[PDB]
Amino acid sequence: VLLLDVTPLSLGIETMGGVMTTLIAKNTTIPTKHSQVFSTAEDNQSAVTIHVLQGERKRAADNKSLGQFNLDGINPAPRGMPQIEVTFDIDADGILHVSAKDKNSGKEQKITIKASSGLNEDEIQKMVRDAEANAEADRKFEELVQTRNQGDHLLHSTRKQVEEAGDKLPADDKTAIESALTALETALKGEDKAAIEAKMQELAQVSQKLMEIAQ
């Protein structure tokens, strides 16, 4: 009513492409507890690395790591089919606990983090500086990851749909499509956003008839 225990910085986890996904925002009143559900990046994925982050940067790395833990015994499934519920819990004492629960297996793994963990009152204010100071640089970073993943999806889902079709697809088309996948898979390895969209364009155009069959 006169004071207010708050979070000076955003708390969350590294997600695919080295982006920080925030779970609990900046200047949040403790106690607080938010959850959010995630999944796997490669098919037949058996574990996920929860890597805990503090700070206002979009790149995972430009932020302060607080810890890191795996949840395994993920029963084999298609990618992005598991339900990994990551929960952040801060009590009256300032202590952050972070679980991940496989909603199938029913397994669980928590890390507890002392209120004294992560950046001191000075670094907090630098973090906020370097955030405002690199708003755009990270704006460019975010939309590239989004493109990397938007790309990375399109690749996987096409390779599926090509197996799914088989005989049904003109060899004519399956050549034009198999080349445009190879090119897009290379584009993904670089950092050139344009190029990724360029090969996603090429795929889109030569894939007209593949789409039809899947539908």
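If you superpose the two forms and keep the largest set of C-alpha atoms that fall within 1.5 Å, you have the rigid core. All residue numbers are counted from 1 along the displayed sequence.
Of 7 to 15 and 193 to 201, the stretch whose C-alpha atoms sit farther from the shown form in 9 other deposited structures of this protein, after fitting on the rigid core, is 193 to 201. For the pair 44 to 52 and 160 to 168, rigid core superposition yields a higher RMS C-alpha distance in 9 other deposited structures of this protein in 160 to 168. As listed in the deposited structure, the average C-alpha B-factor of 23 to 31 and of 167 to 175 is greater for 167 to 175.
Look at the C-alpha B-factors of 176 to 184 and of 45 to 53. On average they run higher in 176 to 184.
Among 83, 112, 87, 125, the highest C-alpha B-factor in the deposited entry belongs to 125. Placement of the Cα temperature factor of residue 1 within the chain: lowest third of the modelled residues, per the deposited record. Ranked against the other modelled residues of its chain, the C-alpha B-factor of residue 139 as given in the entry falls in the middle third. In the deposited entry, the Cα temperature factor of residue 98 places it in the lowest third of its chain's modelled residues.
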